[PDB]
> 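Structure in structure tokens, see below.
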Amino acid sequence: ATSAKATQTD
Amino acid sequence: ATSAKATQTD
Amino acid sequence: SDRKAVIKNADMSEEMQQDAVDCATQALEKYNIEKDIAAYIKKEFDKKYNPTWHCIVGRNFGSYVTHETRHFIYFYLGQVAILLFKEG
Amino acid sequence: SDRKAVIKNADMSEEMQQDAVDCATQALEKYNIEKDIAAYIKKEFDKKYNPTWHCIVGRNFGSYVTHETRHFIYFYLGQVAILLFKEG
């Protein structure tokens, strides 16, 4: 039902 | 059970 | 308006991704402060697409979050990055 | 180690706030990239304090999030801001 996500600004 | 919060970097 | 939408990572219907970009455009036209921009976007997605959304707006940040399937978008609009996701 | 912890806004037990600062110190000692720092912190709070946590690490961002009572902290450690909160 869920996922984990990583984000990083340029 | 919850609250909303705003944050802002200096 | 003038800002370039660049979607970086999305787990979200294309209709909703377009909404996200629309919301953030309205936010940027209305507000200059990142927390206010994030609040506008969060509140409108809570209304339009059900609670509970979370929004981060900034030029420098990394994140690690857990979202519900099909309810995640990370995108640039102009020089600002926007993370918007549903959890809870 | 060398970094100054400045807690800005917290809805969290002081024990857990100290844990947060400890975790972020370990993260900064181990990792240089903000997403990796955020991941370390998120994963360790998911383990230590139950899922589901979310962590943002950066020098420039605003946010608007919804958290569970007593499970929110926003703080600086050195020049980096850390938002860490539980929702879901």
Side-chain angles (χ1 to χ4, degrees), chain A residues 1-7, chain B residues 1-9, chain C residues 9-13 16-17 19-24 26-28 30-31 33-58 61-75 80-88, chain D residues 7-13 16-17 19-20 23-24 35 38-39 41-46 48-58 61-75 81-88:
Chain A
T2 65
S3 322
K5 285 276 190 302
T7 74
Chain B
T2 65
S3 322
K5 285 276 190 302
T7 74
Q8 176 67 57
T9 52
Chain C
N9 191 359
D11 178 23
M12 178 176 289
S13 71
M16 195 188 296
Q17 292 184 47
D19 254 85
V21 167
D22 287 351
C23 207
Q26 282 158 206
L28 284 166
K30 179 172 176 146
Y31 293 113
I33 307 293
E34 297 168 336
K35 61 176 178 191
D36 293 336
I37 297 153
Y40 178 92
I41 299 170
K42 182 274 208 290
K43 289 168 184 176
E44 213 63 42
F45 261 60
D46 270 2
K47 289 182 209 181
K48 282 163 185 298
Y49 290 107
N50 300 328
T52 299
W53 294 82
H54 310 278
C55 191
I56 310 300
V57 169
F61 69 93
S63 71
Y64 196 76
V65 307
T66 301
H67 66 89
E68 287 159 29
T69 297
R70 296 288 278 173
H71 296 77
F72 175 90
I73 189 177
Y74 173 58
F75 65 104
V80 81
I82 302 180
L83 162 61
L84 169 67
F85 72 98
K86 194 169 181 308
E87 178 66 3
Chain D
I7 293 171
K8 300 284 189 180
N9 191 359
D11 178 23
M12 178 176 289
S13 71
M16 195 188 296
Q17 292 184 47
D19 254 85
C23 207
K35 61 176 178 191
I41 299 170
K42 182 274 208 290
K43 289 168 184 176
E44 213 63 42
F45 261 60
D46 270 2
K48 282 163 185 298
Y49 290 107
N50 300 328
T52 299
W53 294 82
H54 310 278
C55 191
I56 310 300
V57 169
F61 69 93
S63 71
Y64 196 76
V65 307
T66 301
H67 66 89
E68 287 159 29
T69 297
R70 296 288 278 173
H71 296 77
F72 175 90
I73 189 177
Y74 173 58
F75 65 104
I82 302 180
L83 162 61
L84 169 67
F85 72 98
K86 194 169 181 308
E87 178 66 3

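We name chains A, B, ... by the order of the sequence lines, and we start the count at 1 in each one. Just the heavy atoms: all of them, side chains too, but no hydrogens, waters or symmetry mates, feed the values below.
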> First locate atom CG of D19(C), then atom NZ of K48(C), and finally report the distance between them rounded to the nearest 0.5 Å.
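It comes to 6.0 Å.
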> Nearest 0.5 Å please: distance from the CD atom of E34(C) over to the CD1 atom of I37(C).
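Here the interatomic distance stands at 6.5 Å.
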> Taking all non-hydrogen atoms of both residues, which atom of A38(C) and which atom of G62(D) are closest, and how far apart?
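Scanning both residues completely, I find the closest heavy atoms to be CB-O, 4.1 Å.
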> Measure from NZ or CZ of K86(C) to the centre of the six-membered ring of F45(C), then state whether that distance is under 6.0 Å and the direction lies within 45° of the axis.
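Relative to the ring axis of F45(C), which defines the angle, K86(C) lies outside at least one limit.
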> If every non-hydrogen atom of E68(D) is compared with every non-hydrogen atom of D11(D), which pair is closest and at what distance?
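Nearest heavy atoms, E68(D) then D11(D): O-OD2, 4.4 Å.
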> Tell me, do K5(B) and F85(D) make a side-chain contact under 4.5 Å, heavy atoms counted?
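Contact flag for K5(B)/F85(D) side chains = no.
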> How long is the span from the SG atom in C23(D) to the OH atom in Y49(D), to the nearest 0.5 Å?
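Between atom SG of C23(D) and atom OH of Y49(D) there are 9.5 Å.
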> May I ask you to test the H54(D)-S63(C) pair for a side-chain heavy-atom distance under 4.5 Å?
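Heavy-atom side-chain distance check fails, nothing below 4.5 Å.
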> Nearest 0.5 Å please: distance from the CD1 atom of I73(C) over to the CD1 atom of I41(C).
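The distance works out to 10.0 Å.
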> Side chains of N9(C) and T7(A): closer than 4.5 Å at any heavy-atom pair?
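SC-SC contact between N9(C) and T7(A) ruled out.
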> Can you check whether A81(D)'s main-chain N or O pairs, donor with acceptor, with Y74(D)'s side chain at less than 3.5 Å?
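Checking the backbone N and O of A81(D) against the side chain of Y74(D), no donor-acceptor pair under 3.5 Å is found.
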> For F75(C) and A20(C), which heavy atoms make the closest approach, and how far apart are they?
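Where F75(C) meets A20(C) most closely, the heavy atoms are CZ-O, 3.7 Å.
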> Side chains of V65(C) and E87(C): closer than 4.5 Å at any heavy-atom pair?
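When only atoms from C-beta onward are counted, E87(C) and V65(C) do not touch, as no gap falls below 4.5 Å.
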> With heavy-atom distances below 4.5 Å as the criterion, would you say the side chains of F61(D) and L83(C) are in contact?
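Not touching, per the 4.5 Å side-chain cut-off.
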> Let's go through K42(C) and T52(C) carefully: what are the C-alpha distance in whole Å and the side-chain angles of both, what is the deciding distance for side chain to side chain contact (heavy atoms under 4.5 Å, CB included) to 0.1 Å, and is it a yes or a no?
CA-CA 8 Å; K42(C) 182 274 208 290; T52(C) 299; 3.9 Å; yes
> Drop me the distance from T2(B)'s OG1 to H71(D)'s NE2, to the nearest 0.5 angstrom.
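If I round to the nearest 0.5 Å, the distance is 12.5 Å.
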> Kindly compute the distance separating CD1 (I56(D)) from CD1 (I56(C)), expressed to the nearest 0.5 Å.
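So the CD1 of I56(D) and the CD1 of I56(C) are separated by 4.0 Å.
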> Could you report the tightest heavy-atom contact between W53(C) and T66(D), atom names first, then the distance?
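For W53(C) versus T66(D), the nearest heavy atoms are O-OG1, 4.3 Å.
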> Between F72(C) and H67(C), does the ring centre distance come in under 6.0 Å?
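Yes: the rings meet the under 6.0 Å criterion.
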